[PDB]
Amino acid sequence: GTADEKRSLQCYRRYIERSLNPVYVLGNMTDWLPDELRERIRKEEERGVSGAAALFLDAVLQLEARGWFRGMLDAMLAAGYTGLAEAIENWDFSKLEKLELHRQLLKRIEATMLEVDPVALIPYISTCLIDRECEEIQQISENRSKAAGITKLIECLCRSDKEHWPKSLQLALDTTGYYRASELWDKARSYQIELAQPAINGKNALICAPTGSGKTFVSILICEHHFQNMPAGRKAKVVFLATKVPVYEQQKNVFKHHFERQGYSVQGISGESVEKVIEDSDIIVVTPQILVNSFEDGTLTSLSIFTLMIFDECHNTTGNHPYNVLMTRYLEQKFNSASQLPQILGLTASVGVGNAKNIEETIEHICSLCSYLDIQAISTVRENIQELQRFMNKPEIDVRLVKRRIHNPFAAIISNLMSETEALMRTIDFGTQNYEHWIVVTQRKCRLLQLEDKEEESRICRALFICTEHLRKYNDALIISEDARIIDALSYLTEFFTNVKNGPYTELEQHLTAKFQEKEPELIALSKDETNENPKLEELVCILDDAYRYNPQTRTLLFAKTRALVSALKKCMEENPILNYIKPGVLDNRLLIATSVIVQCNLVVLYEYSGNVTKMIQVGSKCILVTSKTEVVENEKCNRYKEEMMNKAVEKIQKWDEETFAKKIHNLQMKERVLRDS
């Protein structure tokens with residue numbers, strides 16, 4: 001109709017005025033609106049973008065000229081409003097409605113975006129925004145400021161009328177590398193054969209090989225040699241036990257991928273009937289607690305079903321662990337029934353040392369484990385040590401202690417602001433990746449909320465995000481101050497607030513920025529001191545300078561604690577006269593600086609890595625570890641010793657003859673039944 005088209009555009013008023021910027025569709029409304037109303041709208045756009053979309057909508061609903069409604073829809077498609085043209089032409093706004101939760105969220109998390117680069121985001125989010133929206137950002141972003149830019153972008157992304165946009169944003173944030181905001185948006189080798197041999201020869205094995213040498217592989221080699229040399233009637237079943245839920249699934253898929261094609265039935269039972277799955281399957285990858293339960297339960301009471309049990313991370317076979325509960329049952333089926341037990345295969349990185357002080361106590365520990373599993377031989381690479389070590393250069397870890405900064409008054413000045421800000425956030429343990437993680441945890445909690453008074457809830461979250469964002473910055477700044485120079489710390493915050501100001505600059509944001517600037521001139525004065533020199537850093541620069549004389553064609557990779565620090569350290573190396581010669585890159589360049597997580601490289605230097613290293617290092621040969629914490633120097637000294645002792649034990653055990661070994665094991669199993677009867 002005509003009086004129907006004006007009633008139906010009045011009832012759905014809200015949706016149109018909260019998406020359309022009218023000054024884009026006014027070129028193609030050239031006939032029906034006068035020239036005084038196309039101008040008085042564009043002066044209102046300068047006050048309200050939605051205020052302008054309420055003056056255009058008014059002076060259209062009073063209009064009567066020949067089918068202005070058809071020129072509107074044509075003009076809207078003209079501007080680029082495809083989801084509005086469909087919404088108002090099919091009278092179904094369900095798509096524009098479903099955005100209105102994501103719009104409420106974005107504004108809620110806007111505090112997270114401040115420092116995101118709108119230019120780098122534009123191509124990925126382009127189909128969401130209108131023609132002249134895209135190019136207005138670009139102007140603000142270049143001419144004025146990058147924060148003023150991203151603020152404008154997220155204005156327009158709320159005024160977006162395109163169901164696909166929240167998805168496009170998520171892929172935008174993912175690909176441009178803004179993981180934080182994004183996450184918040186929602187045939188064998190020789191040594192391998194050697195390892196497998198005793199198990200191929202039917203013996204209950206415990207494969208002790210290091211991680212990444214390919215234990216899962218040898219285990220699938222053992223399998224295709226188990227089905228192959230399976231005698232007479234008996235059909236083979238195999239059980240692959242894995243401790244953790246993900247570990248389990250990677251394997252379930254490994255075995256699925258490899259063995260299904262050969263004709264086998266490969267299923268994987270897990271926490272999320274046992275009987276049929278087991279007898280219909282040729283290979284079964286499983287969580288251990290599933291067997292234990294469906295044994296005690298009664299679904300299965302015969303461990304003779306399987307011809308081979310593989311135990312991943314088998315050093316867990318002690319105490320109440322289900323492997324030990326499953327092997328408890330295995331050991332009475334050996335003793336009592338004397339029927340047909342399966343072959344055992346144990347896979348482990350390291351059999352451990354328990355509480356052993358000596359190689360003697362260790363042997364007793366290692367043996368004890370082997371008893372629990374009923375092992376007959378411990379398989380470790382011994383002939384192809386050459387080939388293994390080549391296949392994975394376990395770096396030697398030259399570990400350096402390094403004196404740190406005794407007083408850090410910048411630190412204390414920041415801490416107090418963090419404490420104030422926390423307590424202000426309460427109205428509505430610092431310098432650590434604990435704190436970092438705490439913010440990530442607190443933020444995901446505001447992302448959720450969605451409680452009752454959405455307007456009051458909108459303001460409470462908005463605020464919580466501002467604060468957590470600031471705390472996170474301050475947090476990052478302390479760290480910068482402790483591993484890098486104090487000027488890098490100060491800078492880092494200065495540059496932040498200079499953004500905060502260019503951003504939306506909320507009532508709160510003002511306060512905080514103010515509260516900082518109160519303290520500013522102290523911090524400034526701290527940077528200017530020859531007192532802000534940071535020996536920890538001086539030591540790293542001297543480790544590096546030593547690392548370019550015993551070899552000046554060295555190609556170093558240096559791991560810093562945070563991102564913030566990579567950029568801080570980059571300056572620090574540039575400015576230092578000791579690494580005068582060296583210009584440092586970031587992730588021609590012989591000193592690349594990356595952060596704690598495939599660049600070709602020479603010597604690796606971990607700069608305060610809280611935790612073990614060989615694991616960090618795999619995502620040639622030479623590796624330094626600069627810590628200030630003795631705790632970690634005497635920790636990863638205590639490991640070297642316990643691993644080196646374990647090996648002496650294992651090789652000593654390996655040099656026994658079958659007889660002694662199978663007997664020793666057999667004793668320890670016996671002593672255990674003798675302590676079950678008492």
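Parameters at a glance
Residues numbered from 1 in each chain as written, not as in the entry; some residues may be left out. Heavy atoms only, no water. Pairing = 2+ DSSP bridges. Helix = DSSP H or I, 4+ residues; strand = E, 2+ residues; numbered from the N terminus. Contact = heavy atoms within 4.5 Å. Axes fitted to C-alpha atoms, helices over the stretch in contact; angles between N-to-C directions. Domains from an automatic or database assignment. Buried area = accessible area lost by both parts, 1.4 Å probe. Salt bridge = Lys/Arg side-chain N within 4 Å of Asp/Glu carboxyl O. Polar contact = N/O pair within 3.5 Å; in protein donor to acceptor, adjacent residues only side chain to side chain. Nonpolar A, V, L, I, M, F, W, Y, C, P; charged D, E, K, R; others polar. Buried < 20%, exposed > 50% of the residue type's maximum accessible area, 1.4 Å probe, protein only. Expected span 1.5 Å × (residues − 1). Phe/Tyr/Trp six-rings, centres within 6.5 Å; stacked < 30°, edge-to-face > 60°. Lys NZ or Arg CZ within 6 Å of the ring centre and 35° of its normal. Parallel < 35°, antiparallel > 145°, perpendicular 65-115°, else oblique.

As deposited, the entry is annotated with X-ray crystallography as its determination method and 3.70 Å as its resolution.

Here we take up the sheet that holds strand β13 (residues 623-627). The strand order across the open sheet built from six strands is β8-β13-β12-β9-β11-β10, with neighbouring strands paired in parallel fashion. Both outer strands of the open sheet, β8 (397-401) and β10 (585-586), are each paired with one neighbouring strand and no more. Taken strand by strand, helix α27 (residues 535-546) contacts β8, β9 (556-560), β11 (591-595), β12 (603-607) and β13, and its axis lies near 175° from that of β12. Running at roughly 160° to β11, helix α28 (residues 563-575) makes contact with β9, β10, β11 and β12 of the sheet.

We now examine the domain arrangement of the protein. As far as domains go, the protein holds domain 1 (1-93), domain 2 (94-186), domain 3 (187-392 + 641-678), domain 4 (393-407 + 533-640) and domain 5 (408-532). Between the C-alpha centres of domain 4 and domain 5 the distance comes to 28 Å. In this assembly, 19 residues from domain 4 lie in contact with 18 residues from domain 5. Carbon and sulfur atoms supply 47% of the area that domain 4 and domain 5 bury against each other, a total of about 1,500 Å² over both sides. Linking domain 4 to domain 5 there are four salt bridges. Between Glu575 and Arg485 there is a salt bridge, and its shortest N-O distance comes to 2.7 Å. Scanning the region where domain 4 abuts domain 5 turns up twelve residue pairs in polar contact. Listed by contribution, the elements that provide at least two residues to the side of domain 4 that touches domain 5 are α27 and α28. Ranked by residues supplied to the side of domain 4 that touches domain 5, first place goes to α28 with seven residues. The residue makeup of the side of domain 4 that touches domain 5, split by class, is eight nonpolar, three polar and eight charged.

The backbone of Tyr505 sits at a positive phi, close to 50°, despite the residue not being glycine. Relative to the assigned elements, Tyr505 resides in the loop between α25 (486-502) and α26 (507-527). Given the relative accessible area of 27%, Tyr505 is considered partly exposed. Even without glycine at this site, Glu608 takes up a positive phi of about 65°. In this structure, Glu608 sits in the loop between β12 and α29 (614-617).

Quick look at the sheet that holds strand β7 (residues 377-379) now. Taking strand neighbours across the sheet as the criterion, the seven strands line up as β3-β4-β2-β5-β6-β1-β7 in an open arrangement whose pairing is parallel. Of all the strands in the sheet, the pair left with one neighbour each is β3 (266-269) and β7. Averaged over all pairs of adjacent strands, the angle between their axes in this sheet comes to 20°, without regard to strand direction. Where strand β1 (residues 205-208) lies against β7, three bridges are found, and the strand directions are parallel. The residue bridging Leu206 from the neighbouring strand is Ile378, located in β7. Against the sheet, helix α15 (residues 215-224) engages β1, β2 (238-241), β5 (308-312) and β6 (343-348), with an angle of about 165° to β6.

Within this structure, the stated rule accounts for 45 salt bridges. Two residues, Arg447 and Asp186, come together in a salt bridge whose shortest N-O distance is 4.0 Å. Note that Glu249 is salt-bridged to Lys252, the shortest N-O span being 3.1 Å. Of this pair, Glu249 and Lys252 both sit in helix α16 (residues 245-259), separated by three residues, roughly a single helical turn. Through salt bridges with shared partners, a single network forms among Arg180, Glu436, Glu469, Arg472 and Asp476.

Bringing α25 into the picture now. Because each turn of an α-helix spans 3.6 residues, side chains separated by three or four positions end up pointing in the same direction. If you check α25, its first and last C-alpha atoms are 25 Å apart, about what 17 residues at 1.5 Å a residue would give, namely 24 Å. Turning to α25, its buried residues are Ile486, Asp488, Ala489, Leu490, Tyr492, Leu493, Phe496, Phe497, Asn499 and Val500.

For any two aromatic rings, the description comes down to two numbers: the centre-to-centre distance and the angle of the planes. Per the counting criterion, the structure on display carries 21 aromatic pairs. Aromatic side chains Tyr12 and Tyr15 sit 6.3 Å apart centroid to centroid with 50° between the ring planes, which places their arrangement in the tilted category. Given a relative accessible area of 30%, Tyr12 falls into the partly exposed group. Aromatic rings pair up to connect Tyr12, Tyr15, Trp68, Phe69, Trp91 and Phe93 into one cluster. A cation over a ring is seen here: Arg189 above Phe391, with NZ or CZ 3.8 Å from the ring centre.

Our focus in this paragraph is the side chain of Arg108. As for its placement among the helices and strands, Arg108 is situated in helix α8 (residues 94-113). Classification of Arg108 as buried rests on a relative accessible area of 4%. Separated by 3.4 Å, the side chain of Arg108 and the backbone oxygen of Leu448 make a polar contact. Not counting chain neighbours up to four residues away, the residues in contact with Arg108 comprise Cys446, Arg447, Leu448, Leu449, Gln450, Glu457, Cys461, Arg462 and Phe465.

With that out of the way, let us pick up the packing of helix α19 (residues 322-337) against helix α20 (residues 359-373). Closest axis-to-axis distance for the α19/α20 pair is 8 Å, and the angle between their directions is 65°. By the angle class used here, α19 and α20 are roughly perpendicular. Each of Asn324, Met327 and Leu331 in α19 lies in contact with α20, whose residues at this interface are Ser371, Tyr372 and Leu373. Residues of the contact of α19 with α20, tallied by class, amount to four nonpolar, two polar and no charged.

Another aspect to go through is the side chain of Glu44. Relative to the helices and strands, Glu44 resides in helix α3 (residues 37-45). Taking the relative accessible area as the measure of exposure, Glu44 reaches 17% and is therefore buried. Here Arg47 takes part through its side chain, which lies 2.4 Å from a polar atom of the side chain of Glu44. When near neighbours in sequence (up to four residues on either side) are disregarded, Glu44 contacts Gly51, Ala52 and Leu55.

Moving on, we get to the environment of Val292. One can find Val292 in helix α18 (residues 288-296). Each C-alpha atom, one on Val292 and one on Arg329, is 9.4 Å from the other, the two residues being 37 residues apart in sequence. Not counting residues within four places of it along the chain, the set of residues in contact with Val292 comprises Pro322, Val325 and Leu326.

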